[PDB]
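Raw upload38.pdb, PDB, C-alpha atoms and all ligand atoms:
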```pdb
ATOM      1  CA  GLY A  23       0.000   0.000   0.000  1.00  0.00           C
ATOM      2  CA  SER A  24       0.991   3.678  -0.324  1.00  0.00           C
ATOM      3  CA  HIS A  25       3.471   4.498   2.440  1.00  0.00           C
ATOM      4  CA  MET A  26       5.938   6.956   3.874  1.00  0.00           C
ATOM      5  CA  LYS A  27       9.528   6.394   2.794  1.00  0.00           C
ATOM      6  CA  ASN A  28      11.183   5.490   6.060  1.00  0.00           C
ATOM      7  CA  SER A  29      14.757   5.309   4.725  1.00  0.00           C
ATOM      8  CA  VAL A  30      17.265   7.386   2.719  1.00  0.00           C
ATOM      9  CA  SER A  31      19.742   5.955   0.152  1.00  0.00           C
ATOM     10  CA  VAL A  32      23.398   6.790   0.804  1.00  0.00           C
ATOM     11  CA  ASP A  33      26.187   6.495  -1.786  1.00  0.00           C
ATOM     12  CA  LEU A  34      29.295   4.522  -0.834  1.00  0.00           C
ATOM     13  CA  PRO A  35      32.631   3.793  -2.564  1.00  0.00           C
ATOM     14  CA  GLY A  36      32.667   1.341  -5.506  1.00  0.00           C
ATOM     15  CA  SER A  37      29.090   2.254  -6.515  1.00  0.00           C
ATOM     16  CA  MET A  38      27.656   0.523  -3.436  1.00  0.00           C
ATOM     17  CA  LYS A  39      24.605   1.990  -1.726  1.00  0.00           C
ATOM     18  CA  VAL A  40      23.063   1.592   1.702  1.00  0.00           C
ATOM     19  CA  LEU A  41      19.575   2.438   2.911  1.00  0.00           C
ATOM     20  CA  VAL A  42      19.461   4.087   6.352  1.00  0.00           C
ATOM     21  CA  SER A  43      16.302   4.724   8.387  1.00  0.00           C
ATOM     22  CA  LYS A  44      15.142   8.266   8.848  1.00  0.00           C
ATOM     23  CA  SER A  45      14.542   7.853  12.566  1.00  0.00           C
ATOM     24  CA  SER A  46      15.993   5.650  15.311  1.00  0.00           C
ATOM     25  CA  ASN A  47      14.270   2.856  17.273  1.00  0.00           C
ATOM     26  CA  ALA A  48      13.841   2.545  21.111  1.00  0.00           C
ATOM     27  CA  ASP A  49      17.437   1.452  21.419  1.00  0.00           C
ATOM     28  CA  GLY A  50      18.504   4.654  19.655  1.00  0.00           C
ATOM     29  CA  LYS A  51      19.620   2.677  16.582  1.00  0.00           C
ATOM     30  CA  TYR A  52      19.144   3.276  12.851  1.00  0.00           C
ATOM     31  CA  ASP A  53      18.295   0.391  10.565  1.00  0.00           C
ATOM     32  CA  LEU A  54      20.594  -0.425   7.656  1.00  0.00           C
ATOM     33  CA  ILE A  55      19.890  -2.465   4.502  1.00  0.00           C
ATOM     34  CA  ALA A  56      22.162  -3.155   1.528  1.00  0.00           C
ATOM     35  CA  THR A  57      22.101  -5.617  -1.364  1.00  0.00           C
ATOM     36  CA  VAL A  58      25.506  -6.993  -2.207  1.00  0.00           C
ATOM     37  CA  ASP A  59      25.967  -9.506  -5.024  1.00  0.00           C
ATOM     38  CA  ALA A  60      22.217 -10.272  -4.809  1.00  0.00           C
ATOM     39  CA  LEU A  61      22.133 -10.999  -1.035  1.00  0.00           C
ATOM     40  CA  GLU A  62      20.256  -8.579   1.207  1.00  0.00           C
ATOM     41  CA  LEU A  63      22.249  -7.652   4.315  1.00  0.00           C
ATOM     42  CA  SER A  64      20.822  -5.888   7.339  1.00  0.00           C
ATOM     43  CA  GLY A  65      22.049  -4.295  10.516  1.00  0.00           C
ATOM     44  CA  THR A  66      21.643  -1.475  13.006  1.00  0.00           C
ATOM     45  CA  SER A  67      23.931   1.431  13.857  1.00  0.00           C
ATOM     46  CA  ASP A  68      24.278   4.160  16.490  1.00  0.00           C
ATOM     47  CA  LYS A  69      24.976   6.567  13.586  1.00  0.00           C
ATOM     48  CA  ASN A  70      22.436   8.042  11.132  1.00  0.00           C
ATOM     49  CA  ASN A  71      24.718   8.487   8.085  1.00  0.00           C
ATOM     50  CA  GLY A  72      24.857   4.968   6.617  1.00  0.00           C
ATOM     51  CA  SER A  73      27.946   3.790   8.545  1.00  0.00           C
ATOM     52  CA  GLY A  74      27.874   0.576  10.500  1.00  0.00           C
ATOM     53  CA  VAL A  75      27.808  -3.178  10.209  1.00  0.00           C
ATOM     54  CA  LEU A  76      25.383  -5.286   8.160  1.00  0.00           C
ATOM     55  CA  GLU A  77      25.134  -9.105   7.981  1.00  0.00           C
ATOM     56  CA  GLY A  78      23.562 -11.814   5.803  1.00  0.00           C
ATOM     57  CA  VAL A  79      23.811 -15.575   5.138  1.00  0.00           C
ATOM     58  CA  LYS A  80      24.351 -17.125   1.686  1.00  0.00           C
ATOM     59  CA  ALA A  81      22.481 -20.164   0.385  1.00  0.00           C
ATOM     60  CA  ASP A  82      25.580 -22.324   1.044  1.00  0.00           C
ATOM     61  CA  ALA A  83      25.479 -21.229   4.767  1.00  0.00           C
ATOM     62  CA  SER A  84      28.443 -18.815   4.546  1.00  0.00           C
ATOM     63  CA  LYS A  85      28.204 -15.644   6.702  1.00  0.00           C
ATOM     64  CA  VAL A  86      28.611 -12.269   4.989  1.00  0.00           C
ATOM     65  CA  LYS A  87      29.590  -9.106   6.936  1.00  0.00           C
ATOM     66  CA  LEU A  88      29.789  -5.598   5.532  1.00  0.00           C
ATOM     67  CA  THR A  89      31.462  -2.886   7.587  1.00  0.00           C
ATOM     68  CA  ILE A  90      30.964   0.739   6.372  1.00  0.00           C
ATOM     69  CA  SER A  91      33.477   3.146   7.943  1.00  0.00           C
ATOM     70  CA  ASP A  92      32.217   6.109  10.052  1.00  0.00           C
ATOM     71  CA  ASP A  93      33.047   8.758   7.409  1.00  0.00           C
ATOM     72  CA  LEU A  94      31.789   6.525   4.588  1.00  0.00           C
ATOM     73  CA  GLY A  95      35.292   6.483   3.031  1.00  0.00           C
ATOM     74  CA  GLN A  96      35.784   2.706   3.130  1.00  0.00           C
ATOM     75  CA  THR A  97      33.785  -0.522   2.991  1.00  0.00           C
ATOM     76  CA  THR A  98      34.900  -3.991   4.097  1.00  0.00           C
ATOM     77  CA  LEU A  99      33.075  -7.047   2.814  1.00  0.00           C
ATOM     78  CA  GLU A 100      34.039 -10.271   4.602  1.00  0.00           C
ATOM     79  CA  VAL A 101      32.785 -13.786   3.822  1.00  0.00           C
ATOM     80  CA  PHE A 102      33.224 -16.417   6.514  1.00  0.00           C
ATOM     81  CA  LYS A 103      32.477 -20.091   6.687  1.00  0.00           C
ATOM     82  CA  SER A 104      29.270 -21.155   8.537  1.00  0.00           C
ATOM     83  CA  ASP A 105      31.283 -21.180  11.773  1.00  0.00           C
ATOM     84  CA  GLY A 106      31.230 -17.327  11.387  1.00  0.00           C
ATOM     85  CA  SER A 107      34.959 -17.013  12.110  1.00  0.00           C
ATOM     86  CA  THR A 108      36.977 -18.810   9.396  1.00  0.00           C
ATOM     87  CA  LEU A 109      37.601 -16.114   6.801  1.00  0.00           C
ATOM     88  CA  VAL A 110      37.040 -17.078   3.173  1.00  0.00           C
ATOM     89  CA  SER A 111      37.588 -13.631   1.626  1.00  0.00           C
ATOM     90  CA  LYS A 112      37.833  -9.931   2.459  1.00  0.00           C
ATOM     91  CA  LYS A 113      37.342  -7.012   0.036  1.00  0.00           C
ATOM     92  CA  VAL A 114      38.207  -3.461   1.172  1.00  0.00           C
ATOM     93  CA  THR A 115      37.161  -0.618  -1.131  1.00  0.00           C
ATOM     94  CA  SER A 116      37.657   3.137  -1.125  1.00  0.00           C
ATOM     95  CA  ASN A 117      37.235   5.835  -3.737  1.00  0.00           C
ATOM     96  CA  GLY A 118      39.776   4.904  -6.392  1.00  0.00           C
ATOM     97  CA  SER A 119      40.915   1.528  -5.075  1.00  0.00           C
ATOM     98  CA  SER A 120      40.011  -1.932  -3.844  1.00  0.00           C
ATOM     99  CA  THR A 121      41.870  -4.974  -2.495  1.00  0.00           C
ATOM    100  CA  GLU A 122      40.529  -8.572  -2.414  1.00  0.00           C
ATOM    101  CA  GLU A 123      42.328 -10.953  -0.034  1.00  0.00           C
ATOM    102  CA  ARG A 124      41.951 -14.681  -0.552  1.00  0.00           C
ATOM    103  CA  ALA A 125      42.093 -17.402   2.117  1.00  0.00           C
ATOM    104  CA  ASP A 126      45.454 -18.613   0.786  1.00  0.00           C
ATOM    105  CA  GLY A 127      47.164 -15.225   1.174  1.00  0.00           C
ATOM    106  CA  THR A 128      47.005 -14.189  -2.462  1.00  0.00           C
ATOM    107  CA  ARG A 129      45.437 -10.757  -3.257  1.00  0.00           C
ATOM    108  CA  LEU A 130      43.879  -8.882  -6.149  1.00  0.00           C
ATOM    109  CA  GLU A 131      44.717  -5.153  -5.961  1.00  0.00           C
ATOM    110  CA  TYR A 132      42.891  -2.500  -7.978  1.00  0.00           C
ATOM    111  CA  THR A 133      44.218   1.066  -8.119  1.00  0.00           C
ATOM    112  CA  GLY A 134      43.613   4.328 -10.002  1.00  0.00           C
ATOM    113  CA  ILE A 135      39.974   3.327 -10.511  1.00  0.00           C
ATOM    114  CA  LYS A 136      38.322   5.827 -12.879  1.00  0.00           C
ATOM    115  CA  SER A 137      34.845   7.218 -13.242  1.00  0.00           C
ATOM    116  CA  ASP A 138      34.162   4.628 -16.009  1.00  0.00           C
ATOM    117  CA  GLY A 139      35.129   1.705 -13.722  1.00  0.00           C
ATOM    118  CA  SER A 140      38.523   1.022 -15.311  1.00  0.00           C
ATOM    119  CA  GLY A 141      41.840   0.900 -13.508  1.00  0.00           C
ATOM    120  CA  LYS A 142      45.073  -0.914 -12.848  1.00  0.00           C
ATOM    121  CA  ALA A 143      45.046  -4.517 -11.612  1.00  0.00           C
ATOM    122  CA  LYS A 144      47.686  -6.604  -9.819  1.00  0.00           C
ATOM    123  CA  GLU A 145      47.380 -10.196  -8.699  1.00  0.00           C
ATOM    124  CA  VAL A 146      49.885 -10.929  -5.907  1.00  0.00           C
ATOM    125  CA  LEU A 147      50.688 -14.629  -6.034  1.00  0.00           C
ATOM    126  CA  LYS A 148      53.318 -16.821  -4.415  1.00  0.00           C
ATOM    127  CA  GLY A 149      56.646 -15.835  -5.965  1.00  0.00           C
ATOM    128  CA  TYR A 150      55.411 -13.261  -8.457  1.00  0.00           C
ATOM    129  CA  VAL A 151      52.903 -10.487  -9.262  1.00  0.00           C
ATOM    130  CA  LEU A 152      50.761 -10.437 -12.477  1.00  0.00           C
ATOM    131  CA  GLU A 153      49.599  -7.048 -13.722  1.00  0.00           C
ATOM    132  CA  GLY A 154      46.994  -5.847 -16.118  1.00  0.00           C
ATOM    133  CA  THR A 155      43.799  -3.841 -16.225  1.00  0.00           C
ATOM    134  CA  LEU A 156      40.327  -3.633 -14.808  1.00  0.00           C
ATOM    135  CA  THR A 157      37.361  -2.686 -16.959  1.00  0.00           C
ATOM    136  CA  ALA A 158      33.660  -2.729 -16.053  1.00  0.00           C
ATOM    137  CA  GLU A 159      33.504  -6.059 -17.951  1.00  0.00           C
ATOM    138  CA  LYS A 160      36.411  -7.950 -16.324  1.00  0.00           C
ATOM    139  CA  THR A 161      39.994  -8.062 -15.020  1.00  0.00           C
ATOM    140  CA  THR A 162      42.803  -9.064 -17.444  1.00  0.00           C
ATOM    141  CA  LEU A 163      46.325  -9.860 -16.237  1.00  0.00           C
ATOM    142  CA  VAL A 164      48.995 -10.255 -18.889  1.00  0.00           C
ATOM    143  CA  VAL A 165      52.447 -11.787 -19.339  1.00  0.00           C
ATOM    144  CA  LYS A 166      54.338 -10.820 -22.488  1.00  0.00           C
ATOM    145  CA  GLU A 167      57.360 -12.414 -24.172  1.00  0.00           C
ATOM    146  CA  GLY A 168      58.455 -11.412 -27.677  1.00  0.00           C
ATOM    147  CA  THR A 169      55.369 -11.172 -29.856  1.00  0.00           C
ATOM    148  CA  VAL A 170      53.332 -13.413 -27.506  1.00  0.00           C
ATOM    149  CA  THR A 171      50.783 -12.136 -25.028  1.00  0.00           C
ATOM    150  CA  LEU A 172      49.268 -14.476 -22.420  1.00  0.00           C
ATOM    151  CA  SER A 173      46.038 -13.033 -20.931  1.00  0.00           C
ATOM    152  CA  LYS A 174      44.480 -14.308 -17.696  1.00  0.00           C
ATOM    153  CA  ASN A 175      40.909 -13.084 -17.480  1.00  0.00           C
ATOM    154  CA  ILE A 176      38.826 -12.979 -14.287  1.00  0.00           C
ATOM    155  CA  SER A 177      35.089 -12.458 -14.818  1.00  0.00           C
ATOM    156  CA  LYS A 178      32.915 -10.460 -12.407  1.00  0.00           C
ATOM    157  CA  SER A 179      31.901 -13.812 -10.845  1.00  0.00           C
ATOM    158  CA  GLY A 180      35.578 -14.759 -10.281  1.00  0.00           C
ATOM    159  CA  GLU A 181      35.791 -17.275 -13.116  1.00  0.00           C
ATOM    160  CA  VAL A 182      39.202 -17.623 -14.693  1.00  0.00           C
ATOM    161  CA  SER A 183      39.850 -18.170 -18.383  1.00  0.00           C
ATOM    162  CA  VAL A 184      43.014 -17.759 -20.329  1.00  0.00           C
ATOM    163  CA  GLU A 185      43.928 -16.823 -23.902  1.00  0.00           C
ATOM    164  CA  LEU A 186      47.050 -16.288 -25.970  1.00  0.00           C
ATOM    165  CA  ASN A 187      47.763 -14.188 -29.052  1.00  0.00           C
ATOM    166  CA  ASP A 188      50.973 -14.045 -31.087  1.00  0.00           C
ATOM    167  CA  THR A 189      51.746 -11.257 -33.608  1.00  0.00           C
ATOM    168  CA  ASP A 190      54.809 -13.272 -34.931  1.00  0.00           C
ATOM    169  CA  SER A 191      55.415 -12.215 -38.558  1.00  0.00           C
ATOM    170  CA  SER A 192      56.461 -15.822 -39.402  1.00  0.00           C
ATOM    171  CA  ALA A 193      53.613 -18.349 -39.750  1.00  0.00           C
ATOM    172  CA  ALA A 194      55.943 -21.265 -38.843  1.00  0.00           C
ATOM    173  CA  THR A 195      56.879 -20.035 -35.333  1.00  0.00           C
ATOM    174  CA  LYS A 196      53.542 -18.422 -34.375  1.00  0.00           C
ATOM    175  CA  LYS A 197      51.961 -19.692 -31.156  1.00  0.00           C
ATOM    176  CA  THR A 198      48.275 -20.336 -30.849  1.00  0.00           C
ATOM    177  CA  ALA A 199      46.348 -21.721 -27.891  1.00  0.00           C
ATOM    178  CA  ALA A 200      43.007 -23.170 -26.840  1.00  0.00           C
ATOM    179  CA  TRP A 201      41.438 -23.055 -23.354  1.00  0.00           C
ATOM    180  CA  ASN A 202      39.766 -26.054 -21.649  1.00  0.00           C
ATOM    181  CA  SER A 203      37.283 -24.701 -19.087  1.00  0.00           C
ATOM    182  CA  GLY A 204      36.619 -28.154 -17.625  1.00  0.00           C
ATOM    183  CA  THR A 205      40.276 -28.648 -16.698  1.00  0.00           C
ATOM    184  CA  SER A 206      41.351 -24.961 -16.485  1.00  0.00           C
ATOM    185  CA  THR A 207      44.110 -25.783 -18.908  1.00  0.00           C
ATOM    186  CA  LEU A 208      45.722 -23.810 -21.738  1.00  0.00           C
ATOM    187  CA  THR A 209      47.191 -25.891 -24.562  1.00  0.00           C
ATOM    188  CA  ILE A 210      49.724 -24.108 -26.827  1.00  0.00           C
ATOM    189  CA  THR A 211      50.383 -25.201 -30.451  1.00  0.00           C
ATOM    190  CA  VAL A 212      53.255 -24.184 -32.787  1.00  0.00           C
ATOM    191  CA  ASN A 213      53.706 -25.421 -36.404  1.00  0.00           C
ATOM    192  CA  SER A 214      50.702 -27.707 -36.054  1.00  0.00           C
ATOM    193  CA  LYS A 215      51.998 -29.556 -32.989  1.00  0.00           C
ATOM    194  CA  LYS A 216      50.828 -29.142 -29.391  1.00  0.00           C
ATOM    195  CA  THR A 217      53.901 -28.034 -27.392  1.00  0.00           C
ATOM    196  CA  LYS A 218      52.772 -27.571 -23.794  1.00  0.00           C
ATOM    197  CA  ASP A 219      49.859 -27.444 -21.354  1.00  0.00           C
ATOM    198  CA  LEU A 220      49.685 -24.615 -18.782  1.00  0.00           C
ATOM    199  CA  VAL A 221      47.422 -25.672 -15.913  1.00  0.00           C
ATOM    200  CA  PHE A 222      45.795 -22.947 -13.808  1.00  0.00           C
ATOM    201  CA  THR A 223      45.206 -24.651 -10.477  1.00  0.00           C
ATOM    202  CA  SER A 224      42.565 -24.162  -7.790  1.00  0.00           C
ATOM    203  CA  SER A 225      45.500 -23.146  -5.551  1.00  0.00           C
ATOM    204  CA  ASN A 226      46.288 -20.076  -7.697  1.00  0.00           C
ATOM    205  CA  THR A 227      49.413 -21.635  -9.131  1.00  0.00           C
ATOM    206  CA  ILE A 228      50.435 -22.557 -12.647  1.00  0.00           C
ATOM    207  CA  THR A 229      52.049 -25.766 -13.819  1.00  0.00           C
ATOM    208  CA  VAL A 230      53.733 -26.479 -17.153  1.00  0.00           C
ATOM    209  CA  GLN A 231      54.111 -29.791 -19.017  1.00  0.00           C
ATOM    210  CA  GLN A 232      55.582 -30.425 -22.500  1.00  0.00           C
ATOM    211  CA  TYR A 233      54.229 -32.659 -25.287  1.00  0.00           C
ATOM    212  CA  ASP A 234      56.479 -35.089 -27.181  1.00  0.00           C
ATOM    213  CA  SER A 235      58.146 -34.137 -30.470  1.00  0.00           C
ATOM    214  CA  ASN A 236      55.105 -35.237 -32.475  1.00  0.00           C
ATOM    215  CA  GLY A 237      52.527 -33.293 -30.469  1.00  0.00           C
ATOM    216  CA  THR A 238      50.543 -36.443 -29.686  1.00  0.00           C
ATOM    217  CA  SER A 239      51.013 -36.913 -25.946  1.00  0.00           C
ATOM    218  CA  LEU A 240      52.245 -35.231 -22.829  1.00  0.00           C
ATOM    219  CA  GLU A 241      55.652 -36.291 -21.619  1.00  0.00           C
ATOM    220  CA  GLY A 242      57.526 -36.026 -18.320  1.00  0.00           C
ATOM    221  CA  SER A 243      55.727 -34.580 -15.285  1.00  0.00           C
ATOM    222  CA  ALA A 244      54.008 -31.248 -14.786  1.00  0.00           C
ATOM    223  CA  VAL A 245      56.331 -28.727 -13.181  1.00  0.00           C
ATOM    224  CA  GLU A 246      54.972 -26.184 -10.756  1.00  0.00           C
ATOM    225  CA  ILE A 247      55.860 -22.597 -11.709  1.00  0.00           C
ATOM    226  CA  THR A 248      57.520 -20.527  -8.896  1.00  0.00           C
ATOM    227  CA  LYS A 249      58.992 -17.630 -10.959  1.00  0.00           C
ATOM    228  CA  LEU A 250      57.683 -15.197 -13.601  1.00  0.00           C
ATOM    229  CA  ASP A 251      60.641 -16.157 -15.786  1.00  0.00           C
ATOM    230  CA  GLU A 252      59.317 -19.696 -16.055  1.00  0.00           C
ATOM    231  CA  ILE A 253      56.034 -18.341 -17.493  1.00  0.00           C
ATOM    232  CA  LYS A 254      57.961 -16.200 -19.975  1.00  0.00           C
ATOM    233  CA  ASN A 255      60.109 -19.239 -20.915  1.00  0.00           C
ATOM    234  CA  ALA A 256      56.856 -21.159 -21.656  1.00  0.00           C
ATOM    235  CA  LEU A 257      55.879 -18.439 -24.138  1.00  0.00           C
ATOM    236  CA  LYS A 258      59.117 -18.526 -26.105  1.00  0.00           C
TER     237      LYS A 258
HETATM  238 MG    MG B   1      45.458 -18.311 -30.266  1.00  0.00          MG
END
```

What does the file become when written as structure tokens?
Amino acid sequence: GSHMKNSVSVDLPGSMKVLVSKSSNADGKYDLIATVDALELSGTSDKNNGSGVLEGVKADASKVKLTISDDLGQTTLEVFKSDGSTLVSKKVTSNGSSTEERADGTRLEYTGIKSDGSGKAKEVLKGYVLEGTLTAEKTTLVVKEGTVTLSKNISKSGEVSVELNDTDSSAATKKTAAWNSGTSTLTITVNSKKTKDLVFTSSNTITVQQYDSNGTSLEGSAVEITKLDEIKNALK
């Protein structure tokens, strides 16, 4: 039915919004509501400006907690396991930057974020840092070697896919590659023979394995990459 608006919408960093109540309850508290990646979070605050803590629970039982700083300059979005204390992920966002920290210690860092949503991206992994760009569509981290560019894409849902392009002026030495989304594996081909598989693991590591001289089967064992140089060597 027709009704009084009992909340105001407040703008936060990273195009987030929070609804805060116009008046306080008997405990002196203002009600807060926000929708974050399709989950409605709710909380109460002793401030009237939109700052405070909101909580929600995902379908898989994980606990979500959003902390909005007093001056509205920063937001922290934590996801915990159903125990409410084992941290799965933490994303901290301000005007112009954001950092996502994973359970395994790796981070995605976004800086210089522009009015169109684009910016610089860095993925801090064990042993090395991958850099690239953020757009409103996705994050792309690149490694380059000669005329080859390897591109690791991360979708807005966190899904990883990889692609390779080679501007080599010689057809015979040009690298091409195909991605297998079921195995998160990139297979590189040169001169009509598969040469190596780059496996992007669930542990945020990469492994490399060579094919035999005929391109018909993998040989040896997969080697875990620990250095950026090893990725560049794979692209030679
Ligand atoms: Mg290709």

Spatial neighbours of residue A:208, max dist 6 Å, all atoms listed in the file, sep filter under 2 positions, as an MDAnalysis selection string: chainID A and resid 200:201 219:220

Explicit residues for the PyMOL selection byres (((chain A and resi 141-156) around 6) and not hetatm) (as a ChimeraX atom specification): /A:128-135,140,157,161-164,248-250

Residues in the PyMOL selection byres (((chain A and resi 175) around 9) and not hetatm), expressed as a VMD selection string: chain A and resid 160 to 164 173 to 174 176 to 177 181 to 185

Residues within 9 Å of ligand MG 1 (chain B), counting all atoms listed in the file, as a ChimeraX atom specification: /A:185-188,197-200,210-211

Surrounding residues of residue A:125 excluding itself and chain neighbours under 4 positions, 7 Å, only C-alpha atoms, as a PyMOL selection string: chain A and resi 109-111

Residues returned when the PyMOL selection byres (((chain A and resi 95) around 8) and not hetatm) runs on this file, as a ChimeraX atom specification: /A:34-35,90-94,96-97,116-117

Could I get stretch 74-92 of chain A from the block written as a PDB file, in the first residue's frame, with N, CA, C and O atoms?
```pdb
ATOM      1  N   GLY A  74      28.217   1.624   9.577  1.00  0.00           N
ATOM      2  CA  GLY A  74      27.874   0.576  10.500  1.00  0.00           C
ATOM      3  C   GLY A  74      28.125  -0.780   9.932  1.00  0.00           C
ATOM      4  O   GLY A  74      28.783  -0.913   8.917  1.00  0.00           O
ATOM      5  N   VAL A  75      27.565  -1.792  10.585  1.00  0.00           N
ATOM      6  CA  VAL A  75      27.808  -3.178  10.209  1.00  0.00           C
ATOM      7  C   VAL A  75      26.487  -3.795   9.766  1.00  0.00           C
ATOM      8  O   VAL A  75      25.470  -3.617  10.441  1.00  0.00           O
ATOM      9  N   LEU A  76      26.516  -4.518   8.642  1.00  0.00           N
ATOM     10  CA  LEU A  76      25.383  -5.286   8.160  1.00  0.00           C
ATOM     11  C   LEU A  76      25.789  -6.738   7.937  1.00  0.00           C
ATOM     12  O   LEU A  76      26.922  -7.001   7.577  1.00  0.00           O
ATOM     13  N   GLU A  77      24.859  -7.667   8.129  1.00  0.00           N
ATOM     14  CA  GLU A  77      25.134  -9.105   7.981  1.00  0.00           C
ATOM     15  C   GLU A  77      24.049  -9.834   7.199  1.00  0.00           C
ATOM     16  O   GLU A  77      22.900  -9.392   7.127  1.00  0.00           O
ATOM     17  N   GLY A  78      24.436 -10.974   6.629  1.00  0.00           N
ATOM     18  CA  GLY A  78      23.562 -11.814   5.803  1.00  0.00           C
ATOM     19  C   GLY A  78      24.147 -13.214   5.769  1.00  0.00           C
ATOM     20  O   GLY A  78      25.252 -13.445   6.252  1.00  0.00           O
ATOM     21  N   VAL A  79      23.395 -14.157   5.229  1.00  0.00           N
ATOM     22  CA  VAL A  79      23.811 -15.575   5.138  1.00  0.00           C
ATOM     23  C   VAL A  79      23.507 -16.058   3.736  1.00  0.00           C
ATOM     24  O   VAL A  79      22.364 -15.890   3.272  1.00  0.00           O
ATOM     25  N   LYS A  80      24.513 -16.611   3.055  1.00  0.00           N
ATOM     26  CA  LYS A  80      24.351 -17.125   1.686  1.00  0.00           C
ATOM     27  C   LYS A  80      23.614 -18.465   1.711  1.00  0.00           C
ATOM     28  O   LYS A  80      23.471 -19.099   2.763  1.00  0.00           O
ATOM     29  N   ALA A  81      23.137 -18.874   0.537  1.00  0.00           N
ATOM     30  CA  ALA A  81      22.481 -20.164   0.385  1.00  0.00           C
ATOM     31  C   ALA A  81      23.386 -21.308   0.866  1.00  0.00           C
ATOM     32  O   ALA A  81      22.914 -22.214   1.537  1.00  0.00           O
ATOM     33  N   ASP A  82      24.685 -21.253   0.588  1.00  0.00           N
ATOM     34  CA  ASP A  82      25.580 -22.324   1.044  1.00  0.00           C
ATOM     35  C   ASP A  82      25.921 -22.282   2.533  1.00  0.00           C
ATOM     36  O   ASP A  82      26.779 -23.048   2.962  1.00  0.00           O
ATOM     37  N   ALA A  83      25.267 -21.398   3.302  1.00  0.00           N
ATOM     38  CA  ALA A  83      25.479 -21.229   4.767  1.00  0.00           C
ATOM     39  C   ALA A  83      26.612 -20.282   5.183  1.00  0.00           C
ATOM     40  O   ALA A  83      26.799 -20.038   6.380  1.00  0.00           O
ATOM     41  N   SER A  84      27.369 -19.760   4.225  1.00  0.00           N
ATOM     42  CA  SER A  84      28.443 -18.815   4.546  1.00  0.00           C
ATOM     43  C   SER A  84      27.849 -17.511   5.121  1.00  0.00           C
ATOM     44  O   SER A  84      26.738 -17.108   4.754  1.00  0.00           O
ATOM     45  N   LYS A  85      28.600 -16.885   6.026  1.00  0.00           N
ATOM     46  CA  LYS A  85      28.204 -15.644   6.702  1.00  0.00           C
ATOM     47  C   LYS A  85      28.902 -14.496   5.988  1.00  0.00           C
ATOM     48  O   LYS A  85      30.108 -14.564   5.774  1.00  0.00           O
ATOM     49  N   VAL A  86      28.136 -13.465   5.641  1.00  0.00           N
ATOM     50  CA  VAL A  86      28.611 -12.269   4.989  1.00  0.00           C
ATOM     51  C   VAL A  86      28.497 -11.087   5.984  1.00  0.00           C
ATOM     52  O   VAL A  86      27.487 -10.921   6.659  1.00  0.00           O
ATOM     53  N   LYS A  87      29.548 -10.285   6.061  1.00  0.00           N
ATOM     54  CA  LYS A  87      29.590  -9.106   6.936  1.00  0.00           C
ATOM     55  C   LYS A  87      30.172  -7.911   6.179  1.00  0.00           C
ATOM     56  O   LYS A  87      31.299  -7.953   5.645  1.00  0.00           O
ATOM     57  N   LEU A  88      29.408  -6.831   6.176  1.00  0.00           N
ATOM     58  CA  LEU A  88      29.789  -5.598   5.532  1.00  0.00           C
ATOM     59  C   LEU A  88      29.969  -4.541   6.599  1.00  0.00           C
ATOM     60  O   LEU A  88      29.066  -4.312   7.398  1.00  0.00           O
ATOM     61  N   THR A  89      31.149  -3.937   6.646  1.00  0.00           N
ATOM     62  CA  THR A  89      31.462  -2.886   7.587  1.00  0.00           C
ATOM     63  C   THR A  89      31.660  -1.591   6.752  1.00  0.00           C
ATOM     64  O   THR A  89      32.499  -1.562   5.845  1.00  0.00           O
ATOM     65  N   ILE A  90      30.874  -0.555   7.051  1.00  0.00           N
ATOM     66  CA  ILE A  90      30.964   0.739   6.372  1.00  0.00           C
ATOM     67  C   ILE A  90      31.574   1.707   7.355  1.00  0.00           C
ATOM     68  O   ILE A  90      31.010   1.904   8.445  1.00  0.00           O
ATOM     69  N   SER A  91      32.705   2.319   6.985  1.00  0.00           N
ATOM     70  CA  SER A  91      33.477   3.146   7.943  1.00  0.00           C
ATOM     71  C   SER A  91      32.667   4.382   8.356  1.00  0.00           C
ATOM     72  O   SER A  91      31.822   4.832   7.630  1.00  0.00           O
ATOM     73  N   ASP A  92      32.980   4.953   9.511  1.00  0.00           N
ATOM     74  CA  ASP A  92      32.217   6.109  10.052  1.00  0.00           C
ATOM     75  C   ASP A  92      32.044   7.293   9.093  1.00  0.00           C
ATOM     76  O   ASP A  92      30.984   7.932   9.070  1.00  0.00           O
TER      77      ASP A  92
END
```
